[PDB]
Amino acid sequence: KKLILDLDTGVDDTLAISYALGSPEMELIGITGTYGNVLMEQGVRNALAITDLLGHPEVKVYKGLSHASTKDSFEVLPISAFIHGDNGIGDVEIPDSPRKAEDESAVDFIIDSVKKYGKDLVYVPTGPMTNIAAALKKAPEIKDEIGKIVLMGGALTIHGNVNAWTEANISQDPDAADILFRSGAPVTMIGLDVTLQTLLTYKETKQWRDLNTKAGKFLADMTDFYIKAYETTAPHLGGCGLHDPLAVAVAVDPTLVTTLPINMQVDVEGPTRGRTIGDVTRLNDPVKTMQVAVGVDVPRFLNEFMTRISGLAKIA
């Protein structure tokens, strides 16, 4: 079984990389780069540099799209610059990788990877869906050929985090997210309804410091910036959410989550634009195209998370 991450790297996005590389059930083929937490290019610089630091410079980083499906440009919002920092990695200084982005676009890498690995391929996007929307656009065959998609984004049964009805990764490109959900590809949405139950504090990051490694000190320094940002943006939690890693955890082990079979859409037109919600049209259709996560085994996920990442940090 073989894994592609699609990342706006990104603090939680590197924790997804760390969980992936700490997990022996998947071979991480490549990291597709996208935008949001940080500018698209910055996403690639970080991906390369971090994959190197953890001891896996075989991870080939491809180059996705800079702006949204229906926008001309993109700037990083100052809110996301406060949370993930300016570099998008806390503000942790880390040497640039001398490796660089692959020649082909990430759009084509996905399409190619689908035709190579078929149902062994698992695509886990924890940034905007912009990339796989363009992939499904150019090559709609993907739907049936791909093994499974397992995204982080949206909020079904709960308030979003950007506004009352939309979540960040969906907010940045709703139209793309709609195309994906409607596509009929075997998607598993892991939204806020499950990720806001996840938590880690300095109790957990102090364990990474105890390993005394280049990687251990990095991940600790990084997520401590992320927690101190959360201390002001959401003091009602105490630490930080484990959003993007959980998507990867469910990709490897779908029993970590309890899903609700449901044909879905994303709202494009109304004043609820960017909301993840069931399509009424396909309610009575018994064949459910995707599944939204509603319950989660938080203590087992937190143990799986620390075991995998602390094991990887010991290796570098």
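From 1 onward, residues are counted along the sequence shown.
Comparing the deposited coordinates for 151 to 159 and 101 to 109, the stretch with the larger average C-alpha B-factor is 101 to 109. Legend: mean Cα B-factor per stretch from the PDB entry, 278 to 286 versus 24 to 32; the higher mean is in 278 to 286.
Per the deposited record, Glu141 carries the highest C-alpha B-factor of all listed residues (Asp173, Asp244, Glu167, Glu141). You'll see in the entry that, of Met189, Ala229, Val124, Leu180, the Cα B factor peaks at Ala229. Among the modelled residues of the chain, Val92 sits in the highest third by CA temperature factor in this PDB entry. In the deposited entry, the Cα temperature factor of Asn37 places it in the lowest third of its chain's modelled residues. Looking at the C-alpha B-factors along this chain, the one for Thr198 belongs to the lowest third. Among the modelled residues of its chain, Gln291 has a C-alpha B-factor that falls in the lowest third, as given in the PDB entry.
In the PDB entry, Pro261 places in the middle third of its chain by CA B-factor.
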